There are 4 protein chains.
Amino acid sequence: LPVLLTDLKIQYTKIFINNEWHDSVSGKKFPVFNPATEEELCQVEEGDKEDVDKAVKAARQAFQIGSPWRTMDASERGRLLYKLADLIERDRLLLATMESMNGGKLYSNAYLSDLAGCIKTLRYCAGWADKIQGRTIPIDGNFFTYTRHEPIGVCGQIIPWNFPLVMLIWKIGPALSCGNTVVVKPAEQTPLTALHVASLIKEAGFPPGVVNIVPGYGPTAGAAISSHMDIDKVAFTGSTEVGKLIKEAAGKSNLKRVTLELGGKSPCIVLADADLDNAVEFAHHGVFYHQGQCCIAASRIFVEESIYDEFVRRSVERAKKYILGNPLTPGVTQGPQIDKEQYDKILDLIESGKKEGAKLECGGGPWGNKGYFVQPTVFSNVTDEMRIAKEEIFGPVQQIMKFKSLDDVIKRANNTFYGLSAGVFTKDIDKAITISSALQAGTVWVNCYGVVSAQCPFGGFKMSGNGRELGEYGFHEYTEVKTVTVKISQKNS
Amino acid sequence: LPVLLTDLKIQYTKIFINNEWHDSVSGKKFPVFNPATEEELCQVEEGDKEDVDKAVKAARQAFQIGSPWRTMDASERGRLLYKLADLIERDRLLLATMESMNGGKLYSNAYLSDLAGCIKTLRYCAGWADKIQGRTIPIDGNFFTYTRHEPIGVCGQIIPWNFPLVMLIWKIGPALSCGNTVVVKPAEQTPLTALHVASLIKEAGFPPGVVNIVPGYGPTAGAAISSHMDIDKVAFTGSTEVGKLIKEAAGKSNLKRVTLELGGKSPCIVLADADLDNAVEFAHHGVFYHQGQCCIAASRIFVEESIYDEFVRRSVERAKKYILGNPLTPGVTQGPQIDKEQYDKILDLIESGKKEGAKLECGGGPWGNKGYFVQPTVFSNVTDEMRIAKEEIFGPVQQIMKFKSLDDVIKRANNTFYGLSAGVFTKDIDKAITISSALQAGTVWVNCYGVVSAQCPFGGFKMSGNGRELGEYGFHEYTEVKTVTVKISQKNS
Amino acid sequence: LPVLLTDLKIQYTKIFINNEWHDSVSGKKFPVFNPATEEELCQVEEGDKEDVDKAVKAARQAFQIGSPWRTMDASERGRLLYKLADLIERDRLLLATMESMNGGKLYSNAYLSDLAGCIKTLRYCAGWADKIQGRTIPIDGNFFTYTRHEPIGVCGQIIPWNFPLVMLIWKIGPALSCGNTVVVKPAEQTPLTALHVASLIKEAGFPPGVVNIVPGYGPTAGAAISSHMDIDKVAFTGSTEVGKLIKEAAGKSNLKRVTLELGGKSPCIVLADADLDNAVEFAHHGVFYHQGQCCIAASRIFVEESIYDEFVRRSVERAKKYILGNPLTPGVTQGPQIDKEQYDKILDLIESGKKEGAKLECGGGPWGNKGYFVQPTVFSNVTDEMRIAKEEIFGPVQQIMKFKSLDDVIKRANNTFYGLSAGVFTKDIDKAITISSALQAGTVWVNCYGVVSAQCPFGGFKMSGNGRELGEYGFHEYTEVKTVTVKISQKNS
Amino acid sequence: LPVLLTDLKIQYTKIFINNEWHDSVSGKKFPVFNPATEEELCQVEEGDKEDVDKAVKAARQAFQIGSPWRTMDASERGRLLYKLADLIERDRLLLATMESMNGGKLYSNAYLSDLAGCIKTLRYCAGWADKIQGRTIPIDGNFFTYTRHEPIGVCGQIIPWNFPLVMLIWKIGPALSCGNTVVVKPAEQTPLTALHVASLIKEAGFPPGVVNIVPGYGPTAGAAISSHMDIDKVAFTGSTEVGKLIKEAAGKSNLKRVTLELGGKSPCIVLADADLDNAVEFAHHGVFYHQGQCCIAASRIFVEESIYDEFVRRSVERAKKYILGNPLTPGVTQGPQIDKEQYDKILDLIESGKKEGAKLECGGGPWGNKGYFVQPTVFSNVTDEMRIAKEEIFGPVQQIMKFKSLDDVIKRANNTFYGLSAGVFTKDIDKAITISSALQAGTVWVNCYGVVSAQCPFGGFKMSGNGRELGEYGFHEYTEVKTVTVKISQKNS
Ligand SMILES: [Cl-]
Ligand SMILES: [Cl-]
Ligand SMILES: [Cl-]
Ligand SMILES: [Cl-]
Ligand SMILES: [Yb+3]
Ligand SMILES: [Yb+3]
Ligand SMILES: [Yb+3]
Ligand SMILES: [Yb+3]
């Protein structure tokens, strides 16, 4: 784990449009904070409807027929993306520090996991650019028919604060690989890494207007994107609540395409025959990773009666081993929550757990004199009606439940409007296949949890999302199919 | 062209749920009319929110893990669909008569085109049932990862009145092939063919609750479908205006998946080098087919200056050759519009053409003492600002425009919020490919128009739709991808 | 199990070319026998090089550009195949009787398994006809590039005697679905079902010359096919020995494409944790099905030491329960071997088992006064060097071996030039996945054996074959890819 | 066009096995020559059957289950290939010089075309590594079935002398991307670039034994590869004559898979309406590129009568503009033929053209006092029976023929056992599509010629080849499909 041997200096704080740095039309700025100290890190230009309009015009112009981005070889789009990955690799130390400092993310994770995933995902996407293909089709009658899988056009992309850099790349990688242009609105909490990446997009040689980055707030800049009459598609990751507003606004405006990656209340099912230590470790990591600030948090763990007490005991032992503090210090194993609103919501939910009669096993309160820290918390004897069993906590709070009937626990696992992911722990082949088939979740892990790679599509069932990101399948939502049918004198097979 | 040698008797008029016939919960009925005579044909049970709720419960139960529809071989779903096609083929005379009588559709077309397309499309879809496949994926790390392309679940399907039988099959064929269950709401104007098909679904042996058909009105039964908290996906074909309401309601309710096939204002571009007679014939058929009541109507025809006068002349000659009347009588070549609302809208638009200074070449008024008939109408010297150049008419009204610059005419062709289809007429290879690439339309025909087959995906760019129907690509919107990732000791390529 | 209530009458005995029945050019005929009685059933026209030449000219003419088979809609090729399946279904009783009588196949199996598989496979293939698609490709430079997946042309298809009807359809179904024309040479032992099917091909309405059937001998008619200068592809199922001659002759003649489905010496690995009764039953059925006359016979069963004695005991109990006799009589559970040569080879191999010191558990000799019957035979304590452990027996002879080390048994399983299939019996998820990955076999069954369906590709590793049949992947070997690259002024994504 | 500013020094001349440099088992060496001067460049170790055996053992060991190459992430195989491309890019000057000096290839072409194509193709292949996917399949019955697209194993790859570096990468790129190990035998005329690349394979960090390079002769080392009992697949590019021997030897040995890219006698058809200057230029470049030493040489140009004289005139003008000499000197536009055998064959064929009565328009003899130079030669009034119209010349010799009937000229174009490529020159959409459909050739160019890219599959019909290289489709011949079918209690869609 190497480190940045010089203090981090912030440089890019302006709106990025047509590969140039712009002040906001209003001239207004907004503060960016460090969640571990509660102090301001810098001021960033506040983009609003006027700044989004400017970005969309730039993206539209870069998408015009005959433009450099439209006419360059698909393989050259791929080359630009591979170059961008090499540049992010070059700036790995500074990006990981910036991510840790701005996002409250453990530095070891930011460096070893987030930045590695960013680079790997970009390289994966670069490889697809010249492999996106349409079809020739044996239509009835004397015609030659083919399809083009064209880019859609201008894509508005709203990035969350939990994995700012990784999610930036999950959105721009496929969009750019397919030949779209983008208007990106990073989270108001975490715009800094995106703006540094914008500097590298310019350096890599992307044509101007292909990527535009407008920092600002959700209700202003985000709503402007979702309601814009000349944005062809919006991609959003965040709360199911905002996802509903995005989908509504797309309908009311211009029927723009929508992909959504939203909340979860993901279940694990631990059968009596499971490797118990493996299940305890993965379920733990599943819920506590990045201070519980993952959509796929394993937030309902159902364990068969006969191993339930042992599971809870081993779980509690594991949860008591954390060292809270500044995420930049080596040996620290839990950072802060992102901000006050999230912090408040987590404490309010923990209070309902206590009140509604869940058994508190450890934690259950705040920590420290500054920073938005929550003690890692475990609740056992949780029942399905409790707030902590129904609502996404997005904090370091583990719920452990008991079951005796597999039919019943699958019904309980599925009894939610969420459906992002699930885990199944068992040594039985038949159970692994049949339970994973029966769970209403977009990703099911068997004897593991939280394994996400560029090669696999990822997305939710039900209210956890619309569409998929990554893998071969995820590229589909960044193309628009055009059928061309040509009259011919005589067709032959 | 054989005919039904006995008078048509109407039999199926009730709500179809769990393969049984139900009265409406309210007990209310609504009238169904013949648009050629303005007389009532029968009374049909009026489904509302209570009847939709009943249908969705039935569809949900038929979709449960372990149910007959979920556990039967994919190849058996295909067999049921091929059986259903054979039954529709058996009842071809009666279905085509019912379609002609109820829908105002020329009988020769209903028999030779609509019913043939219904049967062919069903047979095509039947063939896909056991060919829908997921992937095994070479994920990073020691894991085995695969995907399942599962059915989504309960699909609400809202069918238009213009092609009631064909569009019923375009929706149910793929949905059922993929293993979904469906709640169908046929158009209030045209429920009769759908209910007859329901009788054949029962006869073919589909399990109960797999297909449920609830006749009724858009604002009541349609809104109930779009806003239902346990419908996983809604598919709608109709006006862009209603499409916007559907997408809004999906967002506000349960974030259900939405596919929309909506209006158009589709352009044709006729180059000076085109086979003129071929272009005149296809552009004519393109706009006048089924009394102009096609989403893909070729409603803006741009013709190069030097051949423009000849094109208009030959167009007018062709448009003056129709015989209006009852669509059941042999030799009749134009039937009525579907209803009063459509009729009014068409006459009001024709009035704006005259008023705003378009040149009326033929037609321009109503016809007859009964039935919703409009004279076939041609306007030349149309300009881009006129109501008839901007708004979907959905009537027998042809607009012919002049151009001299190809750059300019592509911009004019694309200058609309619509984007369903387009036509290009030229003998030049380079022009055919480059113009078709530049047009923002889901289907582009070259030297033809209106060629639609089961093998080709069909759908709109921009506000003409979201998603695609038919072809390999159209099956994607009736599946939900689940990724399963299994921990293993050691992976090998 | 219904039966033919009238004595079977043989009708079609001539060469089938251009949908007409031909005598042999020489005028010669050859006898066809019943293997259960050793008596002649009829005389069939003996096709030779002159008759193959005539068939290839017919197939070539039916494949010419502009011919009915080349110009008909892909969907119509599919319709013809679905019609042919309906006709085979209609003649199911007579075909199953003919198969049983001619092939020595148990009637219950012929009716319930072979004929059902024939019909299902044809219906599967029919579904692919209009779903075979090429690609549009984003090539570097200003070009439009697409591919056509064309039929190859005239395909010579050499069918084995073990599953004459099923294998006829495995070859012609995909070939015809893809738009090829075929010259078929059924096994000299079993030409009768193929000729009846030819009568149904004519009845279904296939254009003449699309399917031609030339009965005759391997060294004459088969060699003529393999060495023909105007056959584009040869498909052969049979012994690895003949497969080598076919591949050699394709190289020496016209470099025709070759697919081969050849012998096996397929292993099963039974782990100590396996469901023992399930493993015993599947391994038994795996080796004894159709008198052991299956390429995939489970002819080396490796069982973990601790359950080995119990496995052998339960295996022997199962093998002693057969009733030998005429395959048409209800209750009979083992028919004869196909002919003298196979019969001799089986007895000679059984003699080596005894001689080389394998432990004979049951059987080990001939049965009856007529017909080519072999007692069902089990050998335990078999070692890897014995003839019965190395050579394909193609008879009712089970070999059971012991192992203690999983590493070692995988090496033993793989230590063969064969590689058609394998079985793994275990309750452990990790073992199932890792063992199946490590086995060098085209199909690996887990906790089952011999499960073959139209939807799955099937074929060998190593000397068990070249290429795959059936599934999506199997259709590839019946197309030829043509790339078309068109110069254009300017490409756009 | 930058150049190597230091004299080229040859370094790598030994056999490359397990990432180490080996002398030949015999200790023998063979000379390598410069074809422009006829002088020896160096001595290289002569690999024979003993050296191939050593290479195959190394490749087999690197392919064992549990080895680094088998267990590394697919994405890491891709990374190694992208690294190798970066290294070839770094050594571009030296590789292009070595190619020019050893291969007789014009330096500008070697640098700007060959090396660029090498790098681009490697980068394309790198992108596929983690995108090779199998399927999950909805089989009949209660089973879970999936497929693995595994690497085949040890691939023997025999590279031609005409494009030594490009063809090396066309073979190793896909093979390695798919996870195979390789034993490569470069052409005896041109081993030097391959051995330098081997040095870069070691530097990039490929595991030992994954790539092994054995220089030597065709009849010894090549035959050893083709006949080896433990090589799973052989890929060969070269003469159709040797291709036949390779396919024969694969059949006689171990039924190894064979892909062949062989000769051509490719036709162009120039219609009267074609852009004549464009057609003349592409047809010229098509036949004369790299001294005519391309499999796809446009060696039969059929031109419509009315433009034939003008075409010949303009062709002859173009062919008279070459400057022959050493391919390293700027401004030189034609290098030597590769060796004496090729040189002799070309002069002998040119002599038949004169003798059999073709009209000699220019050239027709040798050039210079040293080097294997042939004057660029044009023959008009060529007829279909002449040796120069039937046999692959593989030299700078253009044949121009006359036609009047399009039906007849397509028959003439197709009347050959070859089928690699073809060109069609016309402005007519219908003709372009229908002629390209009717030509029996693997690649058809329209209004261009010789356009080859990594994204497009390439290969022959008929005796010009078996299989395809490059594009998505070309990756298929470097995988082996394994079906895994798992018994389950109950399947659900
Ligand atoms: Cl498509
Ligand atoms: Cl997928
Ligand atoms: Cl392809
Ligand atoms: Cl597959
Ligand atoms: Yb505080
Ligand atoms: Yb009226
Ligand atoms: Yb005997
Ligand atoms: Yb000389």
# chains A, B, ... in the order shown; residues from 1 in each chain; ligands from 1
call {"tool": "residues_near_ligand", "arguments": {"ligand": "ligand 4", "cutoff": "8 Å", "atoms": "only C-alpha atoms and all ligand atoms", "output": "NGL selection string"}}
result
(:C and (456-457 or 471-473)) or (:D and (134-136 or 146-149 or 481-483))
call {"tool": "write_last_selection", "arguments": {"atoms": "N, CA, C and O atoms", "output": "PDB file, in the first residue's frame"}}
result
ATOM      1  N   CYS C 456     -29.250 -28.370 -26.583  1.00  0.00           N
ATOM      2  CA  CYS C 456     -27.855 -28.487 -26.105  1.00  0.00           C
ATOM      3  C   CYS C 456     -26.919 -28.941 -27.206  1.00  0.00           C
ATOM      4  O   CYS C 456     -27.220 -29.925 -27.882  1.00  0.00           O
ATOM      5  N   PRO C 457     -25.775 -28.267 -27.379  1.00  0.00           N
ATOM      6  CA  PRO C 457     -24.822 -28.789 -28.358  1.00  0.00           C
ATOM      7  C   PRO C 457     -24.217 -30.092 -27.868  1.00  0.00           C
ATOM      8  O   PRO C 457     -24.042 -30.300 -26.664  1.00  0.00           O
ATOM      9  N   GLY C 471     -28.350 -27.497 -30.672  1.00  0.00           N
ATOM     10  CA  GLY C 471     -28.247 -26.212 -29.993  1.00  0.00           C
ATOM     11  C   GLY C 471     -27.989 -25.088 -30.979  1.00  0.00           C
ATOM     12  O   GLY C 471     -27.929 -25.302 -32.190  1.00  0.00           O
ATOM     13  N   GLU C 472     -27.855 -23.877 -30.460  1.00  0.00           N
ATOM     14  CA  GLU C 472     -27.484 -22.737 -31.274  1.00  0.00           C
ATOM     15  C   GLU C 472     -26.131 -22.966 -31.931  1.00  0.00           C
ATOM     16  O   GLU C 472     -25.930 -22.638 -33.095  1.00  0.00           O
ATOM     17  N   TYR C 473     -25.196 -23.528 -31.166  1.00  0.00           N
ATOM     18  CA  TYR C 473     -23.824 -23.667 -31.629  1.00  0.00           C
ATOM     19  C   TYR C 473     -23.702 -24.637 -32.797  1.00  0.00           C
ATOM     20  O   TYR C 473     -22.921 -24.412 -33.723  1.00  0.00           O
TER      21      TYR C 473
ATOM     22  N   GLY D 134     -20.009 -18.622 -22.779  1.00  0.00           N
ATOM     23  CA  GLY D 134     -20.935 -19.697 -23.130  1.00  0.00           C
ATOM     24  C   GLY D 134     -22.374 -19.304 -22.868  1.00  0.00           C
ATOM     25  O   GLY D 134     -22.726 -18.111 -22.887  1.00  0.00           O
ATOM     26  N   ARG D 135     -23.219 -20.305 -22.667  1.00  0.00           N
ATOM     27  CA  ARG D 135     -24.662 -20.126 -22.608  1.00  0.00           C
ATOM     28  C   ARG D 135     -25.272 -20.880 -21.437  1.00  0.00           C
ATOM     29  O   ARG D 135     -24.707 -21.832 -20.944  1.00  0.00           O
ATOM     30  N   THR D 136     -26.424 -20.416 -20.978  1.00  0.00           N
ATOM     31  CA  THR D 136     -27.290 -21.198 -20.112  1.00  0.00           C
ATOM     32  C   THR D 136     -28.496 -21.503 -20.969  1.00  0.00           C
ATOM     33  O   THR D 136     -29.014 -20.623 -21.674  1.00  0.00           O
ATOM     34  N   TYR D 146     -25.576 -25.645 -18.865  1.00  0.00           N
ATOM     35  CA  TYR D 146     -24.781 -24.517 -19.313  1.00  0.00           C
ATOM     36  C   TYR D 146     -23.676 -25.006 -20.208  1.00  0.00           C
ATOM     37  O   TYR D 146     -23.366 -26.196 -20.208  1.00  0.00           O
ATOM     38  N   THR D 147     -23.094 -24.086 -20.967  1.00  0.00           N
ATOM     39  CA  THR D 147     -21.939 -24.443 -21.766  1.00  0.00           C
ATOM     40  C   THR D 147     -20.741 -23.613 -21.377  1.00  0.00           C
ATOM     41  O   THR D 147     -20.883 -22.487 -20.925  1.00  0.00           O
ATOM     42  N   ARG D 148     -19.559 -24.210 -21.525  1.00  0.00           N
ATOM     43  CA  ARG D 148     -18.295 -23.516 -21.337  1.00  0.00           C
ATOM     44  C   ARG D 148     -17.661 -23.465 -22.703  1.00  0.00           C
ATOM     45  O   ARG D 148     -17.604 -24.467 -23.397  1.00  0.00           O
ATOM     46  N   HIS D 149     -17.205 -22.300 -23.111  1.00  0.00           N
ATOM     47  CA  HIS D 149     -16.410 -22.199 -24.340  1.00  0.00           C
ATOM     48  C   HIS D 149     -14.947 -22.202 -23.920  1.00  0.00           C
ATOM     49  O   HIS D 149     -14.351 -21.147 -23.689  1.00  0.00           O
ATOM     50  N   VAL D 481     -16.486 -26.305 -27.237  1.00  0.00           N
ATOM     51  CA  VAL D 481     -17.683 -26.211 -26.402  1.00  0.00           C
ATOM     52  C   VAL D 481     -17.902 -27.482 -25.582  1.00  0.00           C
ATOM     53  O   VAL D 481     -17.924 -28.602 -26.123  1.00  0.00           O
ATOM     54  N   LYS D 482     -18.037 -27.283 -24.279  1.00  0.00           N
ATOM     55  CA  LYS D 482     -18.412 -28.327 -23.340  1.00  0.00           C
ATOM     56  C   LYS D 482     -19.789 -28.003 -22.770  1.00  0.00           C
ATOM     57  O   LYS D 482     -20.028 -26.889 -22.293  1.00  0.00           O
ATOM     58  N   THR D 483     -20.690 -28.966 -22.856  1.00  0.00           N
ATOM     59  CA  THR D 483     -21.999 -28.847 -22.252  1.00  0.00           C
ATOM     60  C   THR D 483     -21.965 -29.528 -20.887  1.00  0.00           C
ATOM     61  O   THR D 483     -21.511 -30.682 -20.775  1.00  0.00           O
TER      62      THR D 483
END
call {"tool": "residues_near_ligand", "arguments": {"ligand": "ligand 6", "cutoff": "9 Å", "atoms": "only C-alpha atoms and all ligand atoms", "output": "list in words"}}
result
residues 38, 368, 369, 370, 371 and 372 of chain B
call {"tool": "residues_around", "arguments": {"residues": "stretch 161-169 of chain C", "least_positions_apart": "6", "cutoff": "8 Å", "atoms": "only C-alpha atoms", "output": "number ranges by chain"}}
result
C: 99, 103, 114-115, 117-118, 121-122, 186-191, 193-194, 293-294, 338
call {"tool": "select_by_dssp", "arguments": {"residues": "stretch 202-303 of chain A", "states": "alpha helix (DSSP H)", "output": "ChimeraX atom specification"}}
result
/A:202-204,223-227,240-252,276-288
call {"tool": "closest_residue", "arguments": {"among": "D:174, D:267, D:27, D:35", "to": "residue D:414", "atoms": "only C-alpha atoms"}}
result
D:267
